[PDB]
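Here is what each chain is made of, one letter per residue.
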Amino acid sequence: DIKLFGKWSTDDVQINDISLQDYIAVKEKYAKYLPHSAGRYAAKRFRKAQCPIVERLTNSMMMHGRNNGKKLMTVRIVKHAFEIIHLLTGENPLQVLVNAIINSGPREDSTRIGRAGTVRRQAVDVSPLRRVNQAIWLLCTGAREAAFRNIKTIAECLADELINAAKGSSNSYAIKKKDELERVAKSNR
Amino acid sequence: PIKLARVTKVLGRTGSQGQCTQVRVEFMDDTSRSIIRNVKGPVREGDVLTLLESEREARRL
Amino acid sequence: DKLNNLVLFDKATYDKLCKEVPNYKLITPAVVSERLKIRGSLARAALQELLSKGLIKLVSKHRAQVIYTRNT
Amino acid sequence: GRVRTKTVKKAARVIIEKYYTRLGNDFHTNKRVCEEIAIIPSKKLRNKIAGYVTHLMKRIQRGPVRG
Amino acid sequence: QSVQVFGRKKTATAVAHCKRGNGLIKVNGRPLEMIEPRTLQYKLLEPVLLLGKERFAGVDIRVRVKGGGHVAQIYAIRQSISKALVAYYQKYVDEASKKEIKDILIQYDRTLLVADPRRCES
Amino acid sequence: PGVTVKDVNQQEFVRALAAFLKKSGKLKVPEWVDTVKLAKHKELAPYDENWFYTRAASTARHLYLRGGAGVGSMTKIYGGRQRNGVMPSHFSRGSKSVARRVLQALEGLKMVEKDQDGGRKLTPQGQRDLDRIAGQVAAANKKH
RNA sequence: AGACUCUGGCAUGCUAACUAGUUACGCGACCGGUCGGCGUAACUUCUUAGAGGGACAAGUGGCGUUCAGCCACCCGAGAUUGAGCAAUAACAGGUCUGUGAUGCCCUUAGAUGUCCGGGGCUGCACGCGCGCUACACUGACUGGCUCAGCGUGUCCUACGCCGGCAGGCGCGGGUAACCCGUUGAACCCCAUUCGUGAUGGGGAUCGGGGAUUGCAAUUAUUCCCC
């Protein structure tokens, strides 16, 4: 049976949301040994839904300027992060990650409708894939921002971020961002 | 109250820059209540949404 | 304000290291460096000492991130 | 997109008009017979001609053409 | 009695040499566990971990590697292992088994048999 | 008893070789060791007090793995990134003297052979020694 | 324009390769295995360079005046490769050592006379701009590990010795799929030290030496070390 990093279970992972049950891919067939797979996912549209969620996370963690190519680094970060999570909660880290993703992604968004000049945006519904992508982006950004100028490691910081977003507490950056977007989207209508 | 949704049909592209997708929403509450909504991001036929307000109806006529 | 960390131990520090530290669930040189106002070097050294004594379990040793566990 | 060439068309018409009996619906067979009938320099061109013939015969065996 | 295939990723070409042996997989004179990027070690061990050591029982594989970077090389190597095994099954064993193995491998990762068509564009 | 050098964790093997070199006692050590750099490209002196041994071991290993190497070749191996300041970085070869004195030292210990071919390869005795060290490391890995 | 041609993707089919490589077999070295150690029976998988194939909207489904065509999909290496040709339109932009006993203007006012020596092109309050290095912890340093390709070369350089270091000194190969050169690359990976501070990040600016290049380095040629 396939285990992530050769230690992490995937059959225990339970998706709470019915909306994201299709787009977070980790459960059975999509489960892989390593995050690094280096297959084309930007080949055609919606294909990055069929890409593993850990892999996606990895790919958004190397995003920044000086780190722009280094994928092995990213995967090491992810691994250590997972270990940290395990140490902390005792729960399966993949499950935690999934939870975080669920609780980080925005549900509604204010978007410019009319012309350039009319600054009254209309609050619109958010795609499930986009909600996943955006969530991932937010989490990675949080990880970055917590780990810039301190003794804290990115693996540690990322783990912290992910647990905070898993629990639903207002200590995560991602959660805060969601709250800020969501309230705005409740204001515009 | 939070209501879940379906996608019956993807109609076209609304919005200023062509960012919003106009989509036919069937409810997952068993009712055949077909409300047309606007979504941000990529939506294909067979997606399931999480609408914050269900009472709302997007730009019809 | 600036951060002032102890480069070498104090009695209060030493006691809070031999008693309190081997019961943190997650023990990280960075976390120990943040909890008790210690420089990362000294904290690392302490961790190593604790490993050598046999009070604290080891998870993974790396060039960057070394992770430790409380015993039972 | 993609559109048929005049030359390809005319040659195809010639080939059908003269030697309908030899040709069929198998593309490859039609190609090969074409190669053995007409003076063709290019391979690509020949292939195109064959394709046109094949399409034409798919169409023609249902009902007669205008051309 | 012996098979010689290639796997190509990017520039990196790995030639695998499959023969009736005792179950040895050596890449450029060293074991699969003894290759430097041990963060990407699992990727190289995938054809072994998927099909089991039971299918790799009496087969000796020597992998000759050349070109590319590190990751690319790894990818080539793994490919050529899988392809090598498949070819051996085709040639000197039955077809059904080959079909099965191939099915398994495609069902896990598509890259493992068919090569990535893209390489460094001008 | 059948193990080989290539089938062993490389770093660990190197370490063990270095240790062996140390515990033997006999090796020609230059007097500038606590003063020298190791390349024009590097910034500081090496951290290790007994770095010379280590480097010798490494050289030996390289000779074993790939023969017909000279001093130039050895310099090309141990080269790296020159931090050219505000100018962009380039590749620069190692310290010729250091390599030269490693090779002379190992050759003195009857571990390295000067060649008809051109450069330098390995002695049979040296090879034997290497394989003994590989065995040692192997035993201390499969049983550990 | 398209068409024509090339090119690239594909071949465990074919043609070959003493300047390509593999396999097997001998001998040797090492612990029944490892060897870019060496010596000819296997012929092309890798490498090369050729011929012949191979994709034509071929097939299926949908849409279409039921045609021209368009969209989707299976198999496939490839279903929409890139270039040149292809030798347009307007030019009142023209171009060139072609001919006119060509029209003028100039020729101690040489339509830049040749040479000689030394300077300048870098000069610096400032604007407007392309870049390089950075602003560190996903880091820096230190040691160890392992992988290219486009290319070049009668100055590219192998190898020994003297050198802390740039470099010297000796001796060879290459007018080149042969030697540099299994191009031994860097990132990266693996361990070591540092610990959020103008910090060992960052290196500007400067002060002393030394070494080349060259007729000449003073306004630092460039490199090296503090």
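Residues numbered from 1 in each chain as written, not as in the entry; some residues may be left out. Chains lettered and ligands numbered in written order. Part of a larger assembly, values for the part shown. Heavy atoms only, no water. Residues with missing side-chain atoms left out of burial classes, pairs and counts.

For this deposition, the record names cryo-EM as the technique by which the model was determined and cites 3.60 Å as its resolution.

Stated precisely, the cut-off is as follows: UniProt positions are given in the numbering used here, feature names are shortened, and annotations may be inferred rather than shown by experiment.
In the nomenclature of the PDB entry, chain C is known as 40S ribosomal protein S25 of Homo sapiens. In its Subunit section, the UniProt record describing chain C reads: "Component of the small ribosomal subunit."

As annotated in the PDB entry, chain B is 40S ribosomal protein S28 from Homo sapiens. What UniProt records for chain B under Subunit (literature references left out) is the sentence "Component of the 40S small ribosomal subunit. Part of the small subunit (SSU) processome, composed of more than 70 proteins and the RNA chaperone small nucleolar RNA (snoRNA) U3." The heading Sequence similarities in the UniProt record of chain B holds the text "Belongs to the eukaryotic ribosomal protein eS28 family."

### Focus: the protein's contact with RNA strand G
Here is the rule: We call a residue near a given molecule or strand whenever any one of its heavy atoms falls within 4 Å of it. We call two N or O atoms a polar contact when they sit within 3.5 Å, provided that within protein one can donate a hydrogen and the other can accept it, with sequence-adjacent residues counted only if both atoms are side-chain atoms. Helix numbering and strand numbering both begin at the N terminus, where a helix is a DSSP run of H or I of at least 4 residues and a strand a DSSP run of E of at least 2. Following the grouping adopted for this structure description, the nonpolar residues are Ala, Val, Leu, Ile, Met, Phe, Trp, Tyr, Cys and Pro, the charged ones are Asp, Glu, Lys and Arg, and the polar ones are all others, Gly among them.
Around RNA strand G lies a shell of 132 residues, among which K31 of chain D together with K76, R83, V86 and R100 of chain F are the nearest. Among the atoms of RNA strand G lying within 4 Å of the protein, the sugar-phosphate backbone contributes 77%. Within the contact set of RNA strand G, a phosphate oxygen lies 3.0 Å away from a side-chain nitrogen or oxygen of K26 of chain E. The separation between a phosphate oxygen of RNA strand G and a polar side-chain atom of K37 of chain F is 3.4 Å. Here the surface near RNA strand G takes 10 residues from helix α3 (residues 43-60) of chain D, the largest share from any one element. In the surface near RNA strand G, the residues fall into 34 nonpolar, 46 polar and 52 charged.

### Some words on the side chain of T118 of chain A
Relative to the helices and strands, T118 of chain A resides in the loop between β1 (108-111) and β2 (122-126). Within polar-contact distance, the side chain of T118 of chain A engages the side chain of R115 of chain A at 3.2 Å.

### Remarks on helix α5 (residues 154-167) of chain A
Just so we agree on the cut-off: A helix's residues, less one, multiplied by 1.5 Å, set its expected span. Any residue under 20% of the maximum accessible area for its type is buried, any over 50% is exposed, and the rest in between are partly exposed; the area is computed with a 1.4 Å probe on protein chains only. For this analysis, residues touch if any pair of their heavy atoms sits within 4.5 Å.
With 14 residues, α5 of chain A should reach 20 Å at 1.5 Å per residue; the first-to-last C-alpha distance of 20 Å fits that figure. The buried count for α5 of chain A comes to 10 of 14 residues, which makes it a mostly enclosed element. What α5 of chain A keeps buried is the set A155, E156, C157, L158, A159, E161, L162, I163, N164 and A165 of chain A. Tucked into the core, α5 of chain A has its buried residues touching α2 (71-89), α3 (93-104), α4 (128-146) and α6 (173-188) of chain A together with α2 (29-35) of chain C. Looking one or two places after α5 of chain A, you find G168 of chain A, whose phi comes out positive at around 90 degrees.

### Side note on the sheet that holds strand β2 (residues 56-60) of chain C
Selection criterion: When DSSP finds two or more bridges between a pair of strands, those strands are recorded as paired. Axis definition: a line fit to C-alpha positions, over the contact stretch in the case of helices; interaxial angles, taken between N-to-C directions, run 0 to 180 degrees.
One open sheet holds the three strands; their spatial order is β1-β3-β2 (chain C), and the pairing between them is antiparallel. Of all the strands in the sheet, just β1 (26-27) and β2 of chain C have a single pairing partner and so form its edges. Inspection of the sheet shows β1 of chain C paired to strand β3 (residues 67-70) of chain C by two bridges, in the antiparallel sense. What sits directly across from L26 of chain C, in β3 of chain C, is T69 of chain C. Packed on one face of the sheet, α2 of chain A meets β1, β2 and β3 of chain C and runs near 10 degrees to β3 of chain C. Its contacts with the sheet put helix α3 (residues 40-53) of chain C on β1, β2 and β3 of chain C, and the angle it makes with β2 of chain C is roughly 115 degrees.

### Comments concerning the interface of chain A and chain E
For clarity, the threshold we go by: In the sections that follow, a salt bridge refers to a side-chain nitrogen of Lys or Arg positioned within 4 Å of a carboxyl oxygen of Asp or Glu.
Taken together, the contact pairs 14 residues of chain A with 15 residues of chain E. Our enumeration of links across chain A and chain E arrives at two salt bridges. A salt bridge links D109 of chain E to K32 of chain A; its shortest N-O distance comes to 3.8 Å. On inspection of chain A and its partner chain E, the count reaches three residue pairs in polar contact. For the side of chain A that touches chain E, the residue count by class is eight nonpolar, three polar and three charged.

### Comments concerning the interface of chain B and chain A
Just so we agree on the cut-off: Throughout, buried area stands for the accessible area (probe radius 1.4 Å) lost by two parts on being put together, summed over both.
Facing 23 residues of chain B, the contacting portion of chain A comprises 28 residues. Both faces combined, the contact of chain B with chain A buries some 2500 Å², and carbon together with sulfur accounts for 51% of it. In this assembly, chain B and chain A are joined by five salt bridges. Close ionic contact of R37 of chain B with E108 of chain A constitutes a salt bridge, the shortest N to O distance being 3.5 Å. Seen at the junction of chain B and chain A, the total is 14 residue pairs in polar contact. Put simply, the parts of the chain that give the side of chain B that touches chain A at least two residues each are β4 (35-40) and β5 (50-51) of chain B. A per-element tally of the side of chain B that touches chain A places β4 of chain B first, with four residues. Along the lines of polarity and charge, the residues of the side of chain B that touches chain A split into 10 nonpolar, six polar and seven charged. Sheet analysis places β2 of chain A next to β4 of chain B, joined by two bridges and oriented parallel. The residue bridging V126 of chain A from the neighbouring strand is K40 of chain B, located in β4 of chain B.

### Topic: the environment of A143 of chain A
With respect to the secondary-structure elements, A143 of chain A resides in helix α4. Not counting residues up to four positions away in its chain, the partners in contact with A143 of chain A are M61, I154, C157, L158 and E161 of chain A.

### What about the pattern of salt bridges?
All names here are of chain E. As enumerated under the stated definition, the model contains 26 salt bridges over all chains in all. A salt bridge links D109 to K43, with the shortest nitrogen-to-oxygen separation between them at 3.9 Å. Taken as a pair, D109 in the segment after α4 (95-108) and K43 in helix α1 (residues 41-44) lie far apart in primary sequence, 66 residues in all. Taken as a pair, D109 and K43 share a single burial class, namely buried. When the shortest N-O distance is used, the salt bridge between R118 and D116 registers 4.0 Å.

### Overview of the pairing of β4 of chain B
All names here are of chain B. Judged by how many residues are buried, β4 sits mostly within the fold: five of six residues are covered. Pairing between strand β3 (residues 20-25) and β4: six bridges, direction antiparallel. Residue pairing in the sheet places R24 in a bridge with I36 of β4.

### Some remarks on the state of the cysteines
Residues and elements named next belong to chain A. We apply this condition: A pair of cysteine sulfur atoms is labelled a disulfide when the two atoms are within 2.5 Å.
Under the counting rule described, the total for this entry stands at zero disulfides over all chains. Distance from the sulfur of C157, which forms no disulfide, to the nearest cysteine sulfur (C140) is 13 Å. Among the residues examined, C157 registers a relative accessible area of 1% and is labelled buried.

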